[PDB]
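In the block that follows, a single chain appears as structure tokens, in the form deposited in one PDB entry.
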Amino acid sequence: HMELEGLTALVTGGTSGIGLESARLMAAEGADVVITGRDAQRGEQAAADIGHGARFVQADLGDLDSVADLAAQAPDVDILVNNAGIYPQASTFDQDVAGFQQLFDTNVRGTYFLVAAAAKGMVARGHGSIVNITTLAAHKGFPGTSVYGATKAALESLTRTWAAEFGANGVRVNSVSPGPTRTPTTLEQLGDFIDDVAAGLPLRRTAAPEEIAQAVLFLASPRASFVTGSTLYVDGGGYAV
């Protein structure tokens, strides 16, 4: 239980759901974990549940000054899990401009400029692993998810460009594309949606967040030392059908 000993791991949106479980797995493997989120009360609680010296830093990925402060507060990261993200739904005809801009500001812009800062240090040191959390709706057309799927699709392309830009200096970049997963947000907002998506999956069920974190752990760890530029689908068969 020491495969990540000596590595610092930053997990955006790591105070709930898939981010919480990914930070838990990496702390248990000996990494020094930093998690971020907006709600300070819930972030400090999440860092205690995780234990192993995990610490919380408040940051809003939608504000670029906050992103730059986060990068300043963790200038030595070996594992970056870009997990923070929102996914409100609306048909194209119902979608508003302000919601469009917040989705791109949060899901794309904040992750882009955090990577620009953190990867520079990884490239200097000659080692690092970056994992971007995407979505099945970025690979198939589900009505109501045009904007959300478009943000994660841009992340899929960034995974490829970044892997080619940083690979010469030993830095790996990959995506984890999850299917419908039971998290507090999906339970509150999209309770029937995830169940409807699940009826069309081969495994015919939704995922526990731990099952998604297991794929994040693999790609972050040195077990995936030859894995870069790729997408790891964790969707119970959704992309296959």
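Between two forms, the rigid core is the largest collection of C-alphas that superpose within 1.5 Å. Residues carry their position along the shown sequence, with the first being 1. Shifts are known only where both forms have a C-alpha.
Beyond what is shown, the protein has a form deposited in another entry; the following relates to that form.
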Pick from 196, 39, 63, 211: whose Cα moves by 2 Å or more between the shown form and the other one, rigid core superposed? 196
Given a superposition on the rigid core, I'd like a yes or no on whether residue 181 shifts its C-alpha by 2 Å or more between the shown form and the other one. no
With a shift of at least 3 angstroms, figure out whether the C-alpha spacing between residue 194 and residue 135 grows or shrinks in the other form: closer or farther? farther
Send over the list of consecutive residue runs, 3+ long, where the C-alpha shift is 2 angstroms or more at every position between the shown form and the other one on a core fit. 183 to 199
